[PDB]
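Read off the chains here:
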Amino acid sequence: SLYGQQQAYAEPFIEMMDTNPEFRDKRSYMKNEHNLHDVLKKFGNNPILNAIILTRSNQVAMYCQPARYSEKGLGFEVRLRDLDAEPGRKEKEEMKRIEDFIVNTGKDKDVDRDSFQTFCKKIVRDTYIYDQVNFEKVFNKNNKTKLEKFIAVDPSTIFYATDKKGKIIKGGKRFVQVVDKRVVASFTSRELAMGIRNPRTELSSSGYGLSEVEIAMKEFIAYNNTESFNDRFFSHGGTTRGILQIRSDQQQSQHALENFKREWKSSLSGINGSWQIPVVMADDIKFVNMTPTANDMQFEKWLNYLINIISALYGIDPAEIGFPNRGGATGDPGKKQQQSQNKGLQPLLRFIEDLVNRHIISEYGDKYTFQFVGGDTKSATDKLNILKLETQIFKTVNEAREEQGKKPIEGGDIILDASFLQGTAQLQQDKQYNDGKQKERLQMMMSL
Amino acid sequence: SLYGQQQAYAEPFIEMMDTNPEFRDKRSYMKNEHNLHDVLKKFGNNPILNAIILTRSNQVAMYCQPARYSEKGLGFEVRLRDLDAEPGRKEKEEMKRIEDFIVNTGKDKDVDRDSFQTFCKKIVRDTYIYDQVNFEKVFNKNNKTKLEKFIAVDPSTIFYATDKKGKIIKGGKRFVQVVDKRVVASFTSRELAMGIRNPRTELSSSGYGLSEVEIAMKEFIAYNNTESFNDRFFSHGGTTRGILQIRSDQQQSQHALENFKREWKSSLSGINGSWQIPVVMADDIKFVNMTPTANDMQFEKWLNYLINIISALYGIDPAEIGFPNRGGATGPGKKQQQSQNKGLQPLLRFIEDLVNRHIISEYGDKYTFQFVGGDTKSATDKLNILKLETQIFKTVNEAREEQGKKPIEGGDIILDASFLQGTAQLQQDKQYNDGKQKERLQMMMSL
């Protein structure tokens, strides 16, 4: 079973003839193709797709540092789940250790290992080419409970393992690595993550993702063809402006024509000849125009249209990648473009977070959470304004100073409001009155 | 193994026929070519690519100086990791020493060595041509643990070393330098860095990067061709406006035609002849137009389009590189900062990453290297801030002490009327309680 014991079938009830009993083939949407990822790999060098992958991956790269050490606060942090909790002495160190581990992508520092930045770039590229991310988790050999490394794995090699009965294996070796159509490795759900952004209920989807390269494939082919068409003007075309027809009773001999070519080039070619005009006395001379007087690229609108579609599928503004937005462009916040960048980033960030939380942090238990965090508008000005209100509403001078680590002062312990002091000045007199009253009561009692 | 012990294979399981058993070839994406870097070297003189490389490197060069000595605060700094720590007496000097070492690119000052600026410009060029940066780390001869120099190395000469079993070496001499297809040097992972911006999981990528020059190569070829086409009008073309056909019962003899050319030039050429009109009595005269009356460059849109693609791949605005924005309409954070955010910020973060992993790690994890921008902390802003802190936190004397100015009698007070009214209350409270206690004592002695 794919998820677990259920009475609804989640896979094709009759076992389709998979090429191998041991793993599920990555069938194309229409089942026209069984080796889909080897098809898609051919598009991984497309310039538009690479412009998208590079811009997205470079945007995401900016969060890979810990926010803790980043003075602008940008980056990621490992946090307690509850916002209301205060971390214990050991919990703060555990969170710092987990942060360091993630940064190093492993327990020890090792220049031979990917940094987290390289990991994120890899999985971004993999999502946008294949819609399949895999990374292996390697546990300590002496202690299987202790995680040592996580490494990103080539998604084109990872397949669901299938029982001889055609059912996807659960609980056992759920995943296999296949090279040259033989299984070279196997993995449990514990040892390998799989992440998919475009899930399907479709039974024949077999739990695999859905690449935008598959959906847009017609558009990519049309694009490629129009690019080749426009390029072949130089590479293969006839640029010849026209034919100079000279006509007389009989064609000139080849010798005559070649020394006429010599008179021509010796009199008219290059800058040296540039403004001379030949005089010719043939019976008639005609020039036939075979190309437009002014050549330019063709099918520009077609290209724009196509790229607008592809961008709309990937969820990016064409203007971000140097194309006119056919939607008419035109959309404190930074910029509306900044909001559009949030539109692209936020799903991708959430997907990364989800994967990290499910697979890595879950080794440390549910008390922690992994989140990316943006900066904050909490300058010294903002902090001073905030505390300038808290000191009217809540905080005595000494509490404020304590938050700075500055010694409490005699004459603190007061709210900075004149009404508060007028109250305390009242209460002092009230005390002195009650003191007098009670002393005179006692004096009368002693008199009586 | 490429990264470390793993049960998933990260390299071709069957050893592919590499040209040399000792290193992994830098195969082109499609494996159509085996000498990719010798292909890319031919583009290093491209004017567009050089405009990109020069603008980016010039931008980066502004940060090379230490921020510490630059009153505008612009530059780099070496810092403690924790923001909460206050540096010890020895830590401040160690940080200054590390900064100086970086500036000098080495332990001693030596005019023969690259400055940090030259190193930056080099690695920038290498990233944008090859997507591969390498620099060697040279340790002290007496103490192998002590770094003395770091020097940038030609990335086209650096290859991954491979075991005889076709596996990439780990722990040993992971890298070799190959010149003329012979090994001239070898390196451990400790001695040579490799940095790549465009990693791939693809097994056949073999851990190498991916240059945009490889991806954009068709566009570069189309550009070159369109440039040659437009240039060849002058260099090679026929500019001839047209043919003047004169016709009569028989063609003129060559002698007649050459002395007619002499009458022509002697009567009509240059400024001297410029407004005269010839009268000619031939049977018929015709002029055949062979070119447009007004010539200009062709395929301008094609150029703009190609350039815009290359710009989008490189993460640069067409505008700053001499071309218009095909993106269309141009309509605290600013629009101009978007062109830093794409490109420039990643490049800085990449350089920081390399510096931290490879150099600072010699000094241990307590320090961090970072580039730092300026700050909006003029005397006005600092005085406004302290003008608030003196209401919220600071007595007059604490402020003066932070300036190194002597405390004054009558400081130790917050500059708020409510604070003083409080202390004026407390004084009376004290004098009352003093009176009460003295009268208590006097009564006890009376009783």
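Residue labels used throughout are counted from 1 along each chain in written sequence order rather than taken from the entry, whose numbering may differ, and residues without coordinates are not included. Note on labels: chains are lettered from A, ligands numbered from 1, in written order. The assembly from which these chains come is larger than what is shown, and the figures reported cover only the shown chains. Working from all heavy atoms in the structure, the side-chain values ignore hydrogens and water. Residues with missing side-chain atoms are left out of burial classes, side-chain pairs and their counts.

Student: Please clarify how the overall build of chain B should be interpreted in this entry.
Tutor: Runs of E in the DSSP output that reach at least two residues are strands. Runs of H or I that reach at least four are helices, and both are numbered from the N terminus. Along chain B, the regular secondary structure elements total 12 helices and 10 strands. We compute the radius of gyration from the C-alpha atoms alone; for a globule the expected value is 2.2 Å times N to the 0.38, where N is the number of residues. For chain B, whose C-alpha radius of gyration is 38 Å, the value lies well above the compact-globule estimate of 22 Å for 447 residues. Principal-axis analysis of the C-alpha atoms gives chain B an extent of 160 × 70 × 45 Å.

Student: It is not clear to me how the interface of chain B and chain A should be interpreted in this structure. Could you clarify?
Tutor: One frequently used descriptor of interface size is the decrease in accessible area upon assembly of the parts. Across the boundary between the two partners, chain B contributes 106 residues, which contact 116 residues of chain A. Considering only the side of chain B, the residues that lose the most area to chain A are B:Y3, B:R349 and B:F393, jointly responsible for 7% of the buried surface there. When a carboxyl oxygen of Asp or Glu is within 4 Å of a side-chain nitrogen of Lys or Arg, the pair counts as a salt bridge. Put simply, chain B and chain A have 8 salt bridges between them. A salt bridge links B:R326 to A:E300; the nearest nitrogen and oxygen atoms lie 3.8 Å apart. The greatest single-element share of the side of chain B that touches chain A, amounting to 12 residues, is contributed by helix 12 (residues 417-446) of chain B. Residue type decides the class: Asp, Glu, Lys and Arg count as charged, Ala, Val, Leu, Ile, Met, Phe, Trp, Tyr, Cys and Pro as nonpolar, and the leftover types, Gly among them, as polar. Grouping the amino acids of the side of chain B that touches chain A by side-chain chemistry returns 42 nonpolar, 33 polar and 31 charged. Between any two strands, at least two bridges found by DSSP are needed for them to pair. Sheet topology note: the strand 9 (residues 279-280) of chain A/strand 8 (residues 242-247) of chain B ladder contains 2 bridges and is parallel. Each residue of the ladder has a partner; that of A:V279, found in strand 8 of chain B, is B:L244. What makes two residues a contact is simply this: any of their non-hydrogen atoms within 4.5 Å. Put simply, buried area is the surface a 1.4 Å probe can reach on two separate parts but cannot reach once they are joined, added for both.

Student: For this particular structure, what's the right way to read the UniProt feature "binding site: Zn(2+)" (unreviewed entry) in chain B?
Tutor: On the UniProt side, "binding site: Zn(2+)" (unreviewed entry) is annotated at positions that read B:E263 here. With respect to the element layout, B:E263 can be found in helix 7 (residues 254-268). UniProt positions are given in the numbering used here, feature names are shortened, and annotations may be inferred rather than shown by experiment.

Student: Please explain the pairing of strand 6 (residues 182-187) of chain B as it appears in this structure.
Tutor: Along a regular strand, successive side chains alternate from one face of the sheet to the other. All names here are of chain B. Of the strand pairs in this sheet, strand 5 (residues 175-179) and strand 6 are connected by 5 bridges, and their pairing is antiparallel. In the sheet register, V178 faces strand 6, and the bridge partner there is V183. If you look at the hairpin formed by strand 5 and strand 6, you'll find 2 residues sitting between the two strands, and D180 has a positive phi there, around 50°.

Student: Looking at this structure, how should I read the UniProt feature "binding site: Zn(2+)" (unreviewed entry) in chain A?
Tutor: All names here are of chain A. Mapped onto this structure's residue numbering, the UniProt feature "binding site: Zn(2+)" (unreviewed entry) falls at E263. In this structure, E263 sits in helix 7 (residues 254-268). In this structure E263 comes out as partly exposed when scored by relative accessible area, which is 48%. A 1.4 Å probe rolled over the protein chains alone gives each residue an accessible area, and that area as a share of the maximum for its type sets the label: buried under 20%, exposed over 50%, partly exposed in between.

Student: Hey, could you run me through the packing of helix 10 (residues 380-393) of chain A against helix 10 (residues 379-392) of chain B in this one?
Tutor: Axis angle and axis distance: for two packed helices, these are the angle between their axes and the distance between the axes, and together they describe the pair. Axis geometry follows a simple rule: fit a line to the C-alpha atoms, using only the stretch in contact for helices, then measure angles between N-to-C directions, giving values from 0 to 180 degrees. The geometry of helix 10 of chain A relative to helix 10 of chain B is characterised by a closest axis approach of 11 Å and an angle of 20° between their N-to-C directions. Our classification of the angle between helix 10 of chain A and helix 10 of chain B gives roughly parallel. Remark: the crossing between helix 10 of chain A and helix 10 of chain B carries left-handed chirality. Across the interface between the two elements, A:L384, A:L387, A:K388 and A:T391 of helix 10 of chain A pack against B:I385, B:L388, B:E389, B:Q391 and B:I392 of helix 10 of chain B. Counted by class, the contact of helix 10 of chain A with helix 10 of chain B contains 5 nonpolar, 2 polar and 2 charged residues. What sets the label is the angle itself: under 35 degrees gives roughly parallel, over 145 gives roughly antiparallel, 65 to 115 gives roughly perpendicular, and the rest give oblique. In a left-handed crossing the near helix is turned counterclockwise from the far helix by less than a right angle, and in a right-handed crossing that turn is clockwise.

Student: Before we go on, may I ask you to explain the pattern of salt bridges in this structure?
Tutor: Proximity of charged atoms lets side chains of opposite charge pair with each other. According to the stated counting rule, one finds 47 salt bridges over all chains in the structure shown. Where salt bridges share partners, they join A:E11, A:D18, A:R24 and A:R27 into one cluster.

Student: Any chance you could explain the packing of helix 4 (residues 116-130) of chain A against helix 9 (residues 336-359) of chain A here in plain terms?
Tutor: Residue and element names in this part refer to chain A. Relative orientation of the contacting elements helix 4 and helix 9 amounts to 115°, with a least axis distance of 12 Å. Overall, the two elements helix 4 and helix 9 adopt an arrangement that is roughly perpendicular. The element helix 4 and its partner helix 9 pack so that their crossing is right-handed. Of helix 9, the residues touching helix 4 (which contributes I123, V124, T127 and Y128) are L348, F351 and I352. In the contact of helix 4 with helix 9, the residues fall into 6 nonpolar, 1 polar and no charged.

Student: Would you take a moment to explain the state of the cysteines for this structure?
Tutor: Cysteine sulfur atoms are paired as a disulfide whenever they come within 2.5 Å of each other. Enumeration over the complete set of coordinates arrives at 0 disulfides over all chains. No disulfide involves A:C120; its sulfur sits 3.8 Å from the nearest other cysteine sulfur, which is in A:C64. By relative accessible area, A:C120 is classed as buried at 1%. The thiol sulfur of B:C64 is not disulfide-bonded, and the nearest other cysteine sulfur, from B:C120, lies at 3.8 Å.

Student: Would you mind showing me how to read the side chain of A:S70 here?
Tutor: With respect to the helices and strands, A:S70 occurs in the loop between helix 2 (47-61) and strand 1 (75-80). For A:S70, a relative accessible area of 11% puts it in the buried group.

Student: In this structure, what is going on with the sheet that holds strand 4 (residues 158-160) of chain B? I would like to understand it.
Tutor: Strand pairing in a sheet takes place through backbone hydrogen bonds and is either antiparallel or parallel in direction. All names here are of chain B. If you trace the 3 strands from one edge of the open sheet to the other, you get 4-5-6, paired in antiparallel fashion. The open sheet has two free edges, formed respectively by strand 4 and strand 6, since each of these has just one partner strand. Neighbouring strand axes in the sheet, compared pairwise and without regard to direction, differ in orientation by 40° on average.

Student: Explain unusual backbone geometry to me, please; I cannot follow it from the model alone.
Tutor: Backbone geometry follows two general trends: most residues other than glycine have a negative phi, and most peptide bonds adopt the trans configuration. Residues and elements named next belong to chain A. Not every positive phi belongs to a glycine, and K181 is a case in point at roughly 55°. Relative to the helices and strands, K181 is located in the loop between strand 5 (175-179) and strand 6 (182-187). The exposed category is assigned to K181, whose relative accessible area is 61%.

Student: It is not clear to me how the sheet that holds strand 6 of chain A should be interpreted in this structure. Could you clarify?
Tutor: Residue and element names in this part refer to chain A. Read across the sheet, 3 strands follow the order 4-5-6 without closing on themselves; strand pairing throughout is antiparallel. Since the sheet does not close on itself, it has two edges, and those belong to strand 4 (158-160) and strand 6, each with one partner. Each strand axis lies, on average, 40° off the axis of its neighbour in the sheet, ignoring direction. Relative to strand 6, strand 5 runs antiparallel, the two being bridged by 5 bridges. Its bridge partner being in strand 6, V179 is matched across the sheet by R182.

Student: It is not clear to me how the packing of aromatic side chains should be interpreted in this structure. Could you clarify?
Tutor: For any pair of aromatic rings, geometry is given as the distance between the ring centres together with the angle between the planes. Each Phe, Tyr or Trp ring (for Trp, its six-membered ring) is paired with any other whose centre lies within 6.5 Å, and the angle between the two planes then decides the class: stacked below 30 degrees, edge-to-face above 60, tilted in between. Across all of its chains, the model carries 43 aromatic pairs over all chains by this definition. With 4.9 Å between their ring centres and 65° between their planes, A:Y9 and A:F13 make a pair best called edge-to-face. Its relative accessible area of 56% is what places A:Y9 among the exposed residues. For A:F13, a relative accessible area of 55% puts it in the exposed group. Residues A:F234 and B:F229 carry aromatic rings whose centres are separated by 6.0 Å and whose planes lie at 80° to one another, so their mutual orientation is edge-to-face. Of this pair, A:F234 sits in helix 6 (residues 217-235) while B:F229 sits in helix 6 (residues 217-235), which puts the two residues in different chains. Of the residues examined, A:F234 reaches a relative accessible area of 16% and is grouped as buried. With a relative accessible area of 24%, B:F229 lands in the partly exposed category. Among the aromatic side chains, those forming a connected cluster through ring pairs are A:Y63, A:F76, A:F101, A:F116, A:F119, A:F135, A:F150, A:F370 and A:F372.

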